[PDB]
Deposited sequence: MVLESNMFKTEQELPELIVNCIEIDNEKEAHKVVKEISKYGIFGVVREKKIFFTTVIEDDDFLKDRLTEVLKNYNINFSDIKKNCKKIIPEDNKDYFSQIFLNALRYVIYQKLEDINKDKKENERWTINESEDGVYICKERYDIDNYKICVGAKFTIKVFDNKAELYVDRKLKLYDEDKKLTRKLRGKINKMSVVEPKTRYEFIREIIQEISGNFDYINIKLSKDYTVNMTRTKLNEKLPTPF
């Protein structure tokens, strides 16, 4: 049995009920800090959120609640962007804990989703999301913004994932109060 850098849901993604507004590409990036995960298409922002307060949701951003029911397989480009914004939110929330007792040159930041982790050119972890067979697949790879042994890559992805989820073998990206993508590291059976 071999390992990999892939985490993915063990079941088909349930239908994603998404709210929407009309208008943006920079807006979706910024509002991902607070918990609003959206994708910009047909001049609209189709988004999910973890904010369980309509007034605060409006203040951060009319909002068509539950306006669409996306199937990710038929709308891979929607689900991928929403998932990436949710992942960025998760990492942003954990950044304060991560950067507690580390040197100022050894502090993680966000620049897919890239965590520029060690700057000299900086080496970091890049995240990619693919929808396949109505399932979500997340890839984390060591990148430079070069060629290293497999061990120095495995131990790098392990650090980045452990400092996000606390366990290397899973990660939970929350899309909304009712939808949470639970991904598990996949061990490709020989």
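In this chain the deposited sequence has gaps in the coordinates at 1, 25-29, 68-79, 130-133, 143-148, 174-192, 238-243, listed in sequence order.
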